[PDB]
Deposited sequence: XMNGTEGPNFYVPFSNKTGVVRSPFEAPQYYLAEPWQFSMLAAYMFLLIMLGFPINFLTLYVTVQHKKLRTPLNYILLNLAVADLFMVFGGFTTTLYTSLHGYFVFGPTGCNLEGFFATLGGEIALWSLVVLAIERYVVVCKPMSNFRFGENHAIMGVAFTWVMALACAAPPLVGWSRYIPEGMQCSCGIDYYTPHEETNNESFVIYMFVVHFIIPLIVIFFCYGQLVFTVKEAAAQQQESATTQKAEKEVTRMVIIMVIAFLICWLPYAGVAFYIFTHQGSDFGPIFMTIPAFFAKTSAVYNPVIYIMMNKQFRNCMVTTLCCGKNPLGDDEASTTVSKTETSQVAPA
């Protein structure tokens, strides 16, 4: 056997030498060198070191500025939270797992590590659909009289959590399971083994379709529609606001792909080539790189959203003067209203 199937795992190493041992009981320093694990640990450390402040700042800004309530703002507050969950929930176990060379915290660590990462990634994807739509509406303006409100915005957010849980929760209660991957320092869905007793084959197919293919079709298609009204370029007069948001949304989507296709692909590969000969590094990279998903979103947001940015610059300066080049939102100052 090219691998080493446990009743709990599958080390992509061969135990014709007895050196293979549970990623739940002892260091996997036989799969790779003790420094590569240190690198992982370093990286993860940096990720936590960054995913925390960025996602938190975003949180504090969004709420502290009472007018920042557009769907987009909602979605992003959402992502900021899901990102924070990743950070403490799983990133902590993954940093640790790396530090020790295996899941010292047992299958729970594997679960915290795998779950929150999937919970985080899916919320990201599903939010992307909520946006795709919100966008399609505000640009192709379907209803004669319409403009999303916080009431709908909260709907979409609640929805992304349901859809996300719909994907990430099952492996915790019987459908498929979270299992260490690569150098056994992160945990993902079981593609490696058939394990009739947990129905991996079915869930994986389920996830790839319901929680990957479909949303993508939806998002891509909705894009194919808005490739007419808000065609592509950038720089009423309100036209220039929505068209700039879209551009961001679009980027966000590309950003998502770069962060997940390499992984999703490696995952799909394995699923359809279980027992074949792949090593530990084969998954560690797309899997850990993928972990940037807990942080890139806010960056796009602060870089491509002139309103939020200046709002952050505002909070950061505890007062004003946000070095920009247009409406507002804040607290004591003029976060007053202007409806109709």
### Query
Hey, which stretches of the deposited sequence didn't make it into the model?
1, 237-241, 332-334
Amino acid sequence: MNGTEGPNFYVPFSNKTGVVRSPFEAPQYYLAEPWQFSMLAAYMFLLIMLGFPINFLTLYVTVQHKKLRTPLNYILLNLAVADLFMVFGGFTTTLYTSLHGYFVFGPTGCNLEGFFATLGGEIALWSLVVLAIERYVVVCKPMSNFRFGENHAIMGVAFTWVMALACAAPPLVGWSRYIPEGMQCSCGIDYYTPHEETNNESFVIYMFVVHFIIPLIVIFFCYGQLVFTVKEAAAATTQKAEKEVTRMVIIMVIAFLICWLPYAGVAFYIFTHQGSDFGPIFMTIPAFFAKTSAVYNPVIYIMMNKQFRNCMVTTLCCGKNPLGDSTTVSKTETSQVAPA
From here on, numbers count along this sequence of modelled residues.
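Rigid core here is just the name for the largest C-alpha set that superposes within 1.5 Å across the two forms.
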### Summary
In terms of RMS C-alpha distance in 4 other deposited structures of this protein following rigid core superposition, 240-248 and 162-170 differ, and the farther one is 240-248
### Message
After superposing on the rigid core, which of 28-36 and 274-282 has its C-alpha atoms sitting farther from this form in 4 other deposited structures of this protein?
### Response
274-282
#### Entry: Comparing 212-220 with 122-130, the one whose average Cα B-factor in the PDB entry is higher
212-220
### Summary
Of 96-104 and 240-248, the stretch with the higher mean C-alpha B-factor in the deposited entry is 240-248
### Query
For the listed 187, 258, 137, 183, which has the peak Cα B-factor recorded in the PDB entry?
137
### Chain third (lowest, middle, highest) by recorded CA B-factor, residue given as residue 115
lowest
### Task
Give the position of residue 297 by CA B-factor within its chain, expressed as the lowest, middle or highest third.
lowest
### Query
Lowest, middle or highest third: where is residue 51 by Cα B-factor in its chain?
middle
### Query
When the modelled residues of the chain are sorted by Cα temperature factor, does residue 191 land in the lowest, middle or highest third?
middle
### Query
Looking at the C-alpha B-factor of residue 284, is it in the lowest, middle or highest third of its chain?
lowest
